[PDB]
$ cat model-v5.cif   # mmCIF, C-alpha atoms (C1' of nucleotides)
data_protein
loop_
_atom_site.label_atom_id
_atom_site.label_comp_id
_atom_site.auth_asym_id
_atom_site.auth_seq_id
_atom_site.Cartn_x
_atom_site.Cartn_y
_atom_site.Cartn_z
CA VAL U 1 -32.88 -4.27 22.66
CA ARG U 2 -35.83 -5.91 20.89
CA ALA U 3 -38.20 -8.70 21.97
CA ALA U 4 -38.58 -11.66 19.59
CA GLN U 5 -41.13 -14.01 21.15
CA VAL U 6 -43.27 -12.72 24.02
CA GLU U 7 -45.14 -15.26 26.15
CA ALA U 8 -47.18 -14.66 29.30
CA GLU U 9 -48.93 -16.41 32.19
CA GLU U 10 -52.01 -15.18 34.05
CA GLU U 11 -51.55 -15.53 37.82
CA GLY U 12 -53.96 -13.92 40.28
CA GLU U 13 -54.06 -10.22 39.45
CA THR U 14 -50.68 -10.27 37.71
CA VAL U 15 -48.89 -11.65 34.65
CA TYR U 16 -45.52 -13.36 34.29
CA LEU U 17 -43.87 -12.45 30.98
CA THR U 18 -41.45 -14.81 29.23
CA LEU U 19 -39.35 -12.61 26.94
CA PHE U 20 -36.90 -13.60 24.20
CA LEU U 21 -34.63 -10.56 24.05
CA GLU U 22 -31.95 -9.61 21.51
CA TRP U 23 -29.45 -6.74 21.62
CA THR U 24 -25.90 -5.52 21.05
CA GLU U 25 -23.23 -4.78 23.67
CA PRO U 26 -20.46 -2.43 22.45
CA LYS U 27 -16.83 -3.11 23.37
CA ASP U 28 -14.07 -0.57 22.72
CA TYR U 29 -10.67 -1.72 21.46
CA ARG U 30 -7.68 0.62 21.24
CA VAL U 31 -5.47 0.24 18.16
CA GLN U 32 -1.71 0.83 18.17
CA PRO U 33 0.25 2.20 15.16
CA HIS U 34 2.13 -1.08 14.59
CA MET U 35 -1.20 -2.90 14.36
CA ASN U 36 -3.40 -3.32 11.28
CA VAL U 37 -7.20 -3.45 11.18
CA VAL U 38 -8.13 -6.33 8.88
CA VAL U 39 -11.91 -6.10 9.29
CA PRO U 40 -14.21 -3.63 7.44
CA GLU U 41 -17.04 -1.43 8.74
CA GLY U 42 -20.19 -3.27 9.79
CA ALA U 43 -18.63 -6.67 9.20
CA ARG U 44 -20.50 -9.57 10.80
CA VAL U 45 -17.92 -11.55 12.77
CA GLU U 46 -18.10 -14.69 14.90
CA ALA U 47 -16.17 -16.11 17.85
CA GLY U 48 -12.47 -16.39 17.04
CA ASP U 49 -12.39 -14.17 13.96
CA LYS U 50 -9.39 -11.82 13.78
CA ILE U 51 -10.34 -8.14 13.86
CA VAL U 52 -6.90 -6.56 14.25
CA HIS S 1 10.81 20.80 -5.68
CA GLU S 2 10.01 17.40 -7.17
CA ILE S 3 10.86 15.82 -3.81
CA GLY S 4 8.67 18.21 -1.82
CA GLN S 5 5.55 16.95 -3.59
CA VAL S 6 5.46 13.47 -2.06
CA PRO S 7 4.32 13.95 1.57
CA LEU S 8 6.21 12.67 4.61
CA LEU S 9 4.98 9.33 5.97
CA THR S 10 3.25 9.04 9.31
CA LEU S 11 4.41 6.11 11.47
CA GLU S 12 1.15 4.32 10.70
CA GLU S 13 1.46 4.85 6.94
CA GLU S 14 5.12 3.84 7.10
CA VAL S 15 4.38 0.53 8.83
CA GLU S 16 1.44 0.07 6.45
CA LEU S 17 3.54 0.40 3.30
CA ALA S 18 6.39 -1.73 4.68
CA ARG S 19 3.96 -4.46 5.76
CA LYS S 20 2.32 -4.43 2.33
CA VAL S 21 5.75 -4.79 0.70
CA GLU S 22 6.75 -7.77 2.84
CA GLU S 23 3.34 -9.39 2.31
CA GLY S 24 3.86 -8.90 -1.42
CA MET S 25 7.24 -10.62 -1.25
CA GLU S 26 5.78 -13.63 0.57
CA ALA S 27 2.80 -13.67 -1.81
CA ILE S 28 5.13 -13.97 -4.79
CA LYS S 29 7.16 -16.56 -2.89
CA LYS S 30 4.02 -18.71 -2.72
CA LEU S 31 2.77 -17.82 -6.21
CA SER S 32 5.97 -19.32 -7.60
CA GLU S 33 5.16 -22.47 -5.62
CA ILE S 34 1.69 -22.57 -7.16
CA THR S 35 2.63 -21.86 -10.78
CA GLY S 36 5.96 -23.70 -10.62
CA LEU S 37 7.79 -20.91 -12.42
CA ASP S 38 10.36 -18.30 -11.37
CA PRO S 39 9.99 -15.79 -8.48
CA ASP S 40 12.10 -13.09 -10.14
CA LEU S 41 10.13 -13.44 -13.38
CA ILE S 42 6.78 -13.28 -11.58
CA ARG S 43 7.70 -10.25 -9.47
CA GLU S 44 9.05 -8.61 -12.62
CA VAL S 45 5.74 -9.17 -14.41
CA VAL S 46 3.85 -7.77 -11.42
CA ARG S 47 6.22 -4.78 -11.51
CA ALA S 48 5.51 -4.44 -15.22
CA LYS S 49 1.73 -4.35 -14.81
CA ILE S 50 2.05 -2.00 -11.82
CA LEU S 51 4.27 0.60 -13.50
CA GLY S 52 2.24 0.47 -16.71
CA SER S 53 3.38 0.15 -20.32
CA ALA S 54 6.04 2.86 -20.11
CA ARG S 55 8.71 0.49 -18.81
CA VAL S 56 9.25 -2.85 -20.57
CA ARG S 57 12.70 -4.39 -21.03
CA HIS S 58 14.59 -7.67 -20.72
CA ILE S 59 16.05 -7.83 -17.21
CA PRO S 60 19.61 -9.23 -16.93
CA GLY S 61 19.12 -12.31 -14.76
CA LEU S 62 15.71 -13.38 -16.04
CA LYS S 63 15.74 -16.24 -18.54
CA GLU S 64 12.75 -15.07 -20.60
CA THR S 65 12.79 -11.82 -22.58
CA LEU S 66 10.13 -9.46 -21.22
CA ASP S 67 8.06 -8.29 -24.19
CA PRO S 68 4.34 -7.33 -23.91
CA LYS S 69 3.44 -10.63 -25.61
CA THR S 70 5.15 -12.79 -23.00
CA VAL S 71 3.93 -10.68 -20.08
CA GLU S 72 0.44 -11.03 -21.56
CA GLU S 73 0.81 -14.81 -21.64
CA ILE S 74 2.05 -14.85 -18.04
CA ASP S 75 -0.64 -12.40 -16.89
CA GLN S 76 -3.27 -14.63 -18.49
CA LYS S 77 -1.72 -17.59 -16.68
CA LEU S 78 -2.06 -15.54 -13.50
CA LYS S 79 -5.76 -14.99 -14.17
CA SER S 80 -6.13 -18.75 -14.63
CA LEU S 81 -5.91 -19.46 -10.90
CA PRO S 82 -8.63 -20.34 -8.33
CA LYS S 83 -9.93 -17.58 -6.04
CA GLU S 84 -7.73 -18.74 -3.16
CA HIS S 85 -4.73 -18.97 -5.50
"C1'" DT V 1 22.71 -4.76 7.76
"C1'" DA V 2 18.25 -2.11 12.70
"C1'" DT V 3 18.44 4.41 18.60
"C1'" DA V 4 16.77 8.25 15.19
"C1'" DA V 5 17.93 10.85 11.25
"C1'" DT V 6 13.53 12.94 5.60
"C1'" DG V 7 14.03 20.10 0.63
"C1'" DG V 8 21.70 22.98 -1.09
"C1'" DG V 9 25.34 26.56 -0.76
"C1'" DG V 10 33.37 46.12 -21.48
"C1'" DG V 11 31.10 46.83 -26.02
"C1'" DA V 12 29.04 46.57 -29.91
"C1'" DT V 13 26.18 44.01 -33.13
"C1'" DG V 14 23.01 40.69 -35.06
"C1'" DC V 15 18.65 38.44 -34.43
"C1'" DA V 16 13.65 36.47 -31.80
#

$ encode --input "model-v5.cif" --output "structure tokens"
Amino acid sequence: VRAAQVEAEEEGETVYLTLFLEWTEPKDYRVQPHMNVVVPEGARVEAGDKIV
Amino acid sequence: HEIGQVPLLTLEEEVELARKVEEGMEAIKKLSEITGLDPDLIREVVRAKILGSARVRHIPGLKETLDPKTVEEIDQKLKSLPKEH
DNA sequence: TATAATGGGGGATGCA
């Protein structure tokens, strides 16, 4: 995970950080023999795109 | 010995090849719709270009005689289609 | 037309 924009607010002896974070959550799919993978390696997909 | 050279298909490879065949059939079925020609002729030209130049003959059932000239004309008419066609 | 089946059963002489 990386932090895009990092804001902050000075309060008393502490700081409140407003972070804009970005990352990737892996999800494992199991493929069956009768199925066919129709998406290449490292392909940028969106919501609804058919993978298999 | 000539038969023991081609490996035995795995289930996955089997389904793969079969699927590709069926998809090819449908693809030609729509290509004929696009070009407004003949399915048998088209699939025969595809067969021709696939197998190479070793096999070229007039197929009993097809109206046009399949000589390299004609298959060149048809293949050039196949290259004259939009990316989605 | 659709369980799955995938590799068989002598005898001598001329010529390359």

$ closest_atom_pairs --input "model-v5.cif" --of "stretch 4-81 of chain S" --to "chain V" --cutoff "12 Å" --atoms "all atoms listed in the file" --output "CSV"
residue,atom,partner,partner_atom,distance
S:4,CA,V:7,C1',6.2
S:5,CA,V:7,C1',10.0
S:6,CA,V:6,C1',11.1
S:7,CA,V:6,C1',10.1
S:8,CA,V:6,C1',7.4
S:9,CA,V:6,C1',9.3
S:10,CA,V:6,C1',11.6

$ atom_distance --input "model-v5.cif" --atom1 "atom CA of residue U:39" --atom2 "atom CA of residue U:1"
24.9 Å

$ interface_residues --input "model-v5.cif" --of "chain S" --to "chain U" --cutoff "9 Å" --atoms "all atoms listed in the file" --output "list in words"
residues 11, 12, 13, 15 and 16 of chain S

$ atom_distance --input "model-v5.cif" --atom1 "atom CA of residue S:48" --atom2 "atom CA of residue S:36"
19.8 Å

$ atom_distance --input "model-v5.cif" --atom1 "atom CA of residue U:21" --atom2 "atom CA of residue U:40"
27.2 Å

$ residues_around --input "model-v5.cif" --residues "residue S:61" --least-positions-apart "3" --cutoff "12 Å" --atoms "only C-alpha atoms (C1' of nucleotides)" --output "PyMOL selection string"
chain S and resi 38-41+44+57-58+64-66

$ residues_near_point --input "model-v5.cif" --point "(-12.2, -9.7, 15.5)" --cutoff "12 Å" --atoms "only C-alpha atoms (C1' of nucleotides)" --output "number ranges by chain"
U: 27-29, 36-52

$ decode --input "model-v5.cif" --residues "stretch 47-73 of chain S" --atoms "N, CA, C and O atoms" --output "short mmCIF file (atom, residue, chain, number, x, y, z; two decimals), in the first residue's frame"
data_model
loop_
_atom_site.label_atom_id
_atom_site.label_comp_id
_atom_site.auth_asym_id
_atom_site.auth_seq_id
_atom_site.Cartn_x
_atom_site.Cartn_y
_atom_site.Cartn_z
N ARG S 47 -9.51 -23.51 -44.74
CA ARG S 47 -8.82 -24.79 -44.76
C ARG S 47 -7.60 -24.74 -45.66
O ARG S 47 -6.53 -25.22 -45.30
N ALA S 48 -7.77 -24.14 -46.84
CA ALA S 48 -6.71 -24.02 -47.82
C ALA S 48 -5.51 -23.27 -47.25
O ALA S 48 -4.38 -23.74 -47.33
N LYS S 49 -5.76 -22.10 -46.68
CA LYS S 49 -4.69 -21.29 -46.11
C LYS S 49 -4.06 -21.93 -44.87
O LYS S 49 -2.89 -21.70 -44.57
N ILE S 50 -4.85 -22.73 -44.15
CA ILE S 50 -4.34 -23.43 -42.97
C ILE S 50 -3.38 -24.55 -43.35
O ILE S 50 -2.27 -24.64 -42.83
N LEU S 51 -3.81 -25.41 -44.28
CA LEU S 51 -3.03 -26.57 -44.68
C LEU S 51 -1.80 -26.20 -45.51
O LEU S 51 -0.85 -26.98 -45.59
N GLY S 52 -1.83 -25.02 -46.12
CA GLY S 52 -0.71 -24.56 -46.93
C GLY S 52 -1.02 -24.55 -48.41
O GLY S 52 -2.16 -24.35 -48.82
N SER S 53 0.00 -24.77 -49.23
CA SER S 53 -0.16 -24.76 -50.68
C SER S 53 -0.10 -26.17 -51.25
O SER S 53 -0.24 -26.37 -52.45
N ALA S 54 0.10 -27.15 -50.37
CA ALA S 54 0.23 -28.54 -50.79
C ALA S 54 -1.09 -29.12 -51.29
O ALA S 54 -1.10 -30.00 -52.15
N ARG S 55 -2.19 -28.63 -50.74
CA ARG S 55 -3.51 -29.17 -51.07
C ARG S 55 -4.45 -28.11 -51.63
O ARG S 55 -4.98 -27.28 -50.89
N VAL S 56 -4.64 -28.13 -52.95
CA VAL S 56 -5.53 -27.20 -53.62
C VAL S 56 -6.28 -27.87 -54.77
O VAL S 56 -5.70 -28.19 -55.81
N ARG S 57 -7.58 -28.09 -54.58
CA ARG S 57 -8.41 -28.73 -55.59
C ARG S 57 -9.84 -28.20 -55.57
O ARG S 57 -10.26 -27.56 -54.60
N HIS S 58 -10.58 -28.46 -56.64
CA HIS S 58 -11.99 -28.07 -56.70
C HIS S 58 -12.85 -29.08 -55.95
O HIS S 58 -12.90 -30.26 -56.32
N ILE S 59 -13.52 -28.62 -54.90
CA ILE S 59 -14.31 -29.50 -54.05
C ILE S 59 -15.71 -29.69 -54.60
O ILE S 59 -16.45 -28.72 -54.78
N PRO S 60 -16.09 -30.96 -54.87
CA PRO S 60 -17.43 -31.30 -55.35
C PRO S 60 -18.51 -30.84 -54.38
O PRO S 60 -18.67 -31.41 -53.30
N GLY S 61 -19.25 -29.80 -54.76
CA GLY S 61 -20.25 -29.20 -53.90
C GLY S 61 -20.12 -27.69 -53.90
O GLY S 61 -21.11 -26.97 -53.77
N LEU S 62 -18.89 -27.22 -54.03
CA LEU S 62 -18.61 -25.79 -54.13
C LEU S 62 -18.78 -25.32 -55.57
O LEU S 62 -18.34 -25.99 -56.50
N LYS S 63 -19.42 -24.17 -55.74
CA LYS S 63 -19.72 -23.65 -57.07
C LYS S 63 -18.47 -23.13 -57.79
O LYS S 63 -18.31 -23.35 -58.99
N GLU S 64 -17.60 -22.45 -57.05
CA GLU S 64 -16.37 -21.91 -57.63
C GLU S 64 -15.23 -22.92 -57.60
O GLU S 64 -15.09 -23.68 -56.64
N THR S 65 -14.42 -22.92 -58.65
CA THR S 65 -13.25 -23.79 -58.72
C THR S 65 -12.10 -23.20 -57.90
O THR S 65 -11.68 -22.07 -58.13
N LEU S 66 -11.60 -23.98 -56.95
CA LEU S 66 -10.58 -23.49 -56.02
C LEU S 66 -9.16 -23.55 -56.57
O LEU S 66 -8.43 -24.52 -56.35
N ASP S 67 -8.77 -22.50 -57.29
CA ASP S 67 -7.40 -22.33 -57.74
C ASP S 67 -6.77 -21.20 -56.93
O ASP S 67 -7.49 -20.33 -56.43
N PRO S 68 -5.43 -21.20 -56.78
CA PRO S 68 -4.72 -20.19 -55.97
C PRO S 68 -5.12 -18.74 -56.29
O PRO S 68 -5.09 -17.90 -55.40
N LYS S 69 -5.48 -18.48 -57.54
CA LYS S 69 -5.93 -17.16 -57.96
C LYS S 69 -7.20 -16.77 -57.21
O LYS S 69 -7.25 -15.72 -56.56
N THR S 70 -8.22 -17.62 -57.31
CA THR S 70 -9.50 -17.38 -56.67
C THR S 70 -9.38 -17.29 -55.15
O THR S 70 -9.95 -16.39 -54.53
N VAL S 71 -8.63 -18.21 -54.56
CA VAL S 71 -8.44 -18.19 -53.11
C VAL S 71 -7.65 -16.96 -52.68
O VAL S 71 -7.78 -16.49 -51.55
N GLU S 72 -6.83 -16.42 -53.59
CA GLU S 72 -6.15 -15.16 -53.32
C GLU S 72 -7.14 -14.01 -53.34
O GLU S 72 -7.09 -13.14 -52.47
N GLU S 73 -8.03 -13.99 -54.32
CA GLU S 73 -9.07 -12.97 -54.39
C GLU S 73 -9.92 -12.98 -53.11
O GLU S 73 -10.12 -11.94 -52.48
#
